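Just one chain follows, in the form deposited in one PDB entry, and it is written as structure tokens.
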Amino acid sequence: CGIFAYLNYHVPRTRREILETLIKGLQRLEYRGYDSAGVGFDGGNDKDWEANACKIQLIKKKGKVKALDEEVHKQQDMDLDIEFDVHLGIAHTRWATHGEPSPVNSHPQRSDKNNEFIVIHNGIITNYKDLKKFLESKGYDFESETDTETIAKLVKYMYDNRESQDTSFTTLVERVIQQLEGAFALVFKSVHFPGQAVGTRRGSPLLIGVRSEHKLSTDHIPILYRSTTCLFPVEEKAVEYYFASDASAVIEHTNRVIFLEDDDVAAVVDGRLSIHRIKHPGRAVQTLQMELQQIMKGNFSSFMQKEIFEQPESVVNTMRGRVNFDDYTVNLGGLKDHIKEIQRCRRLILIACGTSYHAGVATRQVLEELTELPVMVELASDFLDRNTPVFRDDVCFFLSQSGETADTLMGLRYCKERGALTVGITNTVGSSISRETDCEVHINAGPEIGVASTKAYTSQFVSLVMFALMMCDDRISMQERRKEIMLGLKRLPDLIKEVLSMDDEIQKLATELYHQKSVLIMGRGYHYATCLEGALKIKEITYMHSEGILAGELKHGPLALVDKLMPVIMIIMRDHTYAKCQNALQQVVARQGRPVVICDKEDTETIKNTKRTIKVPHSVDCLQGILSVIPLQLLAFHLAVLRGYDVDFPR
């Protein structure tokens, strides 16, 4: 599920430097999870580089990139010092789908025993059964039980049955994808097209990074259907191309990338990058604000720990350039060309999955208060099962850190067909949801490498609060309320630091629950979402049965679980539901429940009457959710560590 190819055109690189670059790339893709990896590069030890462009070498292995890196440098009859003026190396980390992990099932997949064509693939070819039967009937021997091998054997079939002896590499791949069905991200290499690469995608991300000390011919690559029309360095030839399924494998070399779209066929021929279609439109060369530092653990022992403790910083990034604390105004540039239409709509629909859905639940109330519109928060999978009524005056938000979640994306396309105005709240540039929405409000929390959503939840939280502030910027009666909320956002990053400084108090609680199998997290109002999110975090990370219960529903059944044995965590803040939360607390205690209470620092009443209490600082009622969810993020983290679990391991 990880792609990375490095094409150095007239930028001399030794075989070692090339291989180190490929390994270095896959290391940026490990966090996605994998079971095997491999590389493809020109073999041969001829001192001259061009004479070796007819001998493709493969080194694949079931295991981790480290073991692959060892297998690379641990080779004989492979001189690592040969200098290549032009070379294309491809690398891939595999997530086994068809065929058990193994060296032969690993990528790159080859077209024959001489490696005339090789390909790396992310996705699934649904119709690989029919295609395999055909190529077998035409005389092609398959060695692996993967769907990918179909792609390698097929491009050779097009090459073997080509009309002219000089048909373009692009043409062959075009004829390949036309027969493929499903989702894929592909990178091809062939001895018959030395130094050339061809990338194409359908339902799977694929981008191309570029670097050159010389001026490039354009920043908008025009499309070519079946010169001035392709990207290249102007006065010289030196250039470096980086194909990748994830920007994290590219950002250390360059931040100029091109995001391919479905059925695009990008080709590098003679060092010049062109983009071909079948069927003026074009693909932009854009600058990413991402930095290598943002995807490194740093001094933290895990990504989960880093992304939790850097939340004072990611909250600020989410507000940067949008909230003016000098005159207390909000401006989301992403909506400038749609805000006037959004304010004439009659309903907000928030559609997401998992923790992204919790972000909607966490901001529904304030959205209702400031927009005065109906606000429906839907789970994308259910939203689709029911064929929910959607109308042309609906504003449908789509919350997705990745921007690729299937159900959320399908919900987007469902709402577009019904004429609704779609808004994306993503954390991934170039993602499907950011592209297909009419407009977006990028979360701007930096990449999330951890398996669970920590800083993404809080940055989504803030993003919707800011939108809510935009929707009432013209209402006199709400000026004070907006000022209150914005002072809270001004003070929020320092309050997050204050909560993180209670990490010791959370560890003592993780020790209290170390042996427990269940825990009930109770809350209501602004902290309903805190229950659901904390309970999901503890489920996902700790593997214990944590459940979020709406405090107002205890009397209707769930209160029967409370006794002297069941652990309970209650959230009680100083908002308008304080009196009702005290009642729930009295119901729990009356049934021999001894709960842990997450309450306000100055809530002296509950602190003296409750043994263990996490005392978070006070914020505005519609922002407390961020501060009260953090102790639950840490609790899940510390419980997992206590139990010997790897928090960064995606179980």
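Rigid core (definition): largest C-alpha set, two forms, superposition within 1.5 Å. Residue numbers run from 1 along the displayed sequence.
This protein has a second form, the form deposited in another entry, left out of what is shown; the following refers to that one.
- Rigid-core fit between this form and the one not shown: of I120, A352, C531, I425, the one residue whose Cα shifts 2 angstroms or more is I120.
- Core-aligned CA deviation for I521 between this form and the one not shown: less than 2 Å.
- Comparing the forms between this form and the one not shown, the C-alpha position of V629 differs by less than 2 angstroms, with the core used for superposition.
- Once both forms are fitted on their rigid core, the CA atom of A640 lies less than 2 Å apart between this form and the one not shown.
- Between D147 and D407, the Cα spacing is smaller in the other entry than in the shown form, differing by no less than 3 Å.
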